[PDB]
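Q: One structure is given below, represented as structure tokens, and several questions about it will come after.
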Amino acid sequence: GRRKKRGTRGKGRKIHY
RNA sequence: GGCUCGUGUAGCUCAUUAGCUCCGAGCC
């Protein structure tokens, strides 16, 4: 919720803050 | 193009930290 909230960049590219 | 990769104080679900989109190194 209220946070970076992203995970992947749209193709399993992930986000890892 | 296209994929992987990756916080980019880049968006949506804003409670939920992952799942989709953006695009740079790489080949060219």
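Letters A, B, ... mark the chains of the structure tokens in the order given; residue numbers begin at 1 per chain; ligand numbers begin at 1, in order shown.
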Report as a ChimeraX atom specification all protein, DNA and RNA residues lying within 12 Å of residue 9 in chain B, evaluated on only C-alpha atoms (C1' of nucleotides), omitting residues in the same chain fewer than 6 positions from it.

A: /A:3-4,17

Q: Can you write just those residues out, N, CA and C atoms, as a PDB file, in the first residue's frame?

A:
ATOM      1  N   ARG A   3       3.521   2.924   0.013  1.00  0.00           N
ATOM      2  CA  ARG A   3       4.948   2.654  -0.017  1.00  0.00           C
ATOM      3  C   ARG A   3       5.479   2.554  -1.445  1.00  0.00           C
ATOM      4  N   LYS A   4       6.782   2.274  -1.576  1.00  0.00           N
ATOM      5  CA  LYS A   4       7.418   2.151  -2.892  1.00  0.00           C
ATOM      6  C   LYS A   4       6.494   1.440  -3.876  1.00  0.00           C
ATOM      7  N   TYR A  17      13.953  -2.063  -3.864  1.00  0.00           N
ATOM      8  CA  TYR A  17      14.383  -0.726  -3.464  1.00  0.00           C
ATOM      9  C   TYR A  17      15.627  -0.796  -2.585  1.00  0.00           C
TER      10      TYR A  17
END

Q: Compile the residues of chain B that lie within 9 Å of chain A, evaluated using only C-alpha atoms (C1' of nucleotides), and express the compilation as a count of residues only.

A: 16
